[PDB]
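One structure below.
Each ligand, and each atom within it, is numbered from 1 in the order the structure gives. Heads up: numbering here begins at 1 and tracks the sequence.
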Amino acid sequence: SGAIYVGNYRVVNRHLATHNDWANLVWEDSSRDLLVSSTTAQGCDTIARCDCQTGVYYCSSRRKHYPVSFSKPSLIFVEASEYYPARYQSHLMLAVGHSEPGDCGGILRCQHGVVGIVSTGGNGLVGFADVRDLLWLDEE
Ligand SMILES: O=C(N[C@@H]1CCCNC1)c1ccccc1
Ligand SMILES: [Zn+2]
């Protein structure tokens, strides 16, 4: 589990979004496994605006932070999961690391801020849903 709180936005894995997220929807993309909802309180997360391919992510299933190299956001075939069927996920970054389904929502961060959230795993890889292209997250 986990979310990004930036301004009056909450960024979650679309597959973990709650009744309140859907009732307060701003933007969602199934192909990206991303949902953004509106919040009463103001978040302090800052979104990275960069093409960093190094960062640190939090892995709940290890209670550990791991420094990783990750691929630039791309269209990647993702096998069926306890939560989606086999399909091309967009804006996905891959790293060598540990990721179980409950690791989704763990933050990948670089020195510029939040890069993305765990979305995929298996076969010794962790996939992060990129948020750095969502410029509108830094305003309104
Ligand atoms: O959110 C972060 N991790 C903390 C770890 C303890 C509780 N879960 C959040 C995070 C991600 C990347 C780098 C640094 C921190
Ligand atoms: Zn960066």
Quiz prompt | side chain to side chain donor-acceptor pair (under 3.5 Å), paired with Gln89, selected from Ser30, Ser74, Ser119 | solution =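 So the option named by the test is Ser119.
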Self-check item: Result of checking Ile107, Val11, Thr46, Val6 against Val114 for side chain to side chain contact (heavy atoms under 4.5 Å, CB included)
Solution: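 Of all the options given, the one that passes is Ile107.
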Quiz item: Can you name the N, O or S atom of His112 that is closest to the Zn ion (ligand 2)?
Solution: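 Nearest to the Zn ion (ligand 2) within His112's N, O and S set: ND1.
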Exercise. May I ask you to list the atoms of ligand 1 that are less than 4.0 angstrom from any heavy atom of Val56?
Key: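 Ligand 1 atoms under the 4.0 Å threshold to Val56: 12 (C), 13 (C).
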Exercise. Working to the nearest 0.5 Å, report the span between NE2 of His91 and CG of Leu34.
Key: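 With rounding to 0.5 Å, NE2 (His91) is 9.0 Å from CG (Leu34).
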Quiz item: Any idea which protein heavy atom is nearest atom 11 (C) of ligand 1, and the distance to it?
Solution: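 For this ligand atom, the closest protein heavy atom is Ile107 O, 3.2 Å.
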Practice problem: Identify the protein heavy atom lying closest to atom 6 (C) of ligand 1, giving its residue, its atom name and the separation to 0.1 Å. | Solution: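 Nearest neighbour among protein heavy atoms for atom 6 (C) of ligand 1, to 0.1 Å: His65 NE2, 3.7 Å.
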Quiz item: Charged N to carboxylate O under 4.0 angstrom, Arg87 versus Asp33?
Solution: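 Not counted as a salt bridge, because no side-chain N and carboxylate O are separated by less than 4.0 Å.
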